[PDB]
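Taking it in order: structure first as C-alpha cells, then the write-up.
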Amino acid sequence: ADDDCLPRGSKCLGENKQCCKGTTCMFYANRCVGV
C-alpha cells in the first residue's frame, strides 16, 4: 500500500495501489493507462 505508480505495461486487476498523477488503472484490462 503506497502512492506509487504503474507504467503502460504493469497490470493492476486486484492491486489496491494507485497509478501516477494523471494516469488511470483498468479493472478488466488489468493494466495502467494514461488519459
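Order determines the names: the first chain of the C-alpha cells is A, the second B, and so forth; residues in each chain are numbered 1 upward, and ligands are numbered 1 upward as they are shown.
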Using only C-alpha atoms, which residues sit within 6 Å of residue 32 (chain A) once same-chain residues fewer than 2 positions away are excluded, as a PDB file with C-alpha atoms, in the first residue's frame?
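Wrote result_39.pdb, looks like this:
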```pdb
ATOM      1  CA  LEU A   6       2.308   1.938 -12.897  1.00  0.00           C
ATOM      2  CA  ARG A   8       1.868   1.370 -19.592  1.00  0.00           C
ATOM      3  CA  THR A  24      -5.728   5.520 -14.589  1.00  0.00           C
ATOM      4  CA  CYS A  25      -5.871   1.783 -13.957  1.00  0.00           C
TER       5      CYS A  25
END
```
Q: Just the strand (DSSP E) stuff from chain A, please, per backbone DSSP, written as a ChimeraX atom specification.
A: /A:23-26,31-34
Mind dumping the selected residues with C-alpha atoms as a JSON list (two decimals), in the first residue's frame?
```
[["chain", "number", "residue", "atom", "x", "y", "z"],
["A", 23, "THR", "CA", -2.96, 8.07, -15.12],
["A", 24, "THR", "CA", -5.73, 5.52, -14.59],
["A", 25, "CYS", "CA", -5.87, 1.78, -13.96],
["A", 26, "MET", "CA", -8.32, -0.56, -15.69],
["A", 31, "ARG", "CA", -3.19, -2.60, -16.76],
["A", 32, "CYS", "CA", -2.48, 1.07, -16.08],
["A", 33, "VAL", "CA", -3.21, 3.55, -18.87],
["A", 34, "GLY", "CA", -2.86, 7.28, -19.42]]
```
Q: Quote the spacing between CA of residue 29 (chain A) and CA of residue 2 (chain A) in Å to one decimal place.
A: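 We find that CA of residue 29 (chain A) and CA of residue 2 (chain A) lie 21.4 Å from each other.
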(Q) Neighbouring residues of residue 27 (chain A) were defined as those with any atom within 8 Å, considering only C-alpha atoms; residues of the same chain fewer than 5 positions away were excluded. Please report them as a VMD selection string. (A) chain A and resid 12 to 14
Those residues you just picked out, can you put them in a file as a tab-separated table (two decimals), in the first residue's frame with N, CA and C atoms?
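Final output, part06.tsv:
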```tsv
chain	number	residue	atom	x	y	z
A	12	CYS	N	-2.89	-4.52	-12.98
A	12	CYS	CA	-3.44	-4.00	-11.74
A	12	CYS	C	-4.90	-4.42	-11.56
A	13	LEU	N	-5.15	-5.72	-11.66
A	13	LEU	CA	-6.50	-6.25	-11.50
A	13	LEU	C	-6.97	-6.11	-10.06
A	14	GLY	N	-6.37	-6.89	-9.16
A	14	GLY	CA	-6.73	-6.83	-7.76
A	14	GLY	C	-5.94	-5.78	-7.00
```
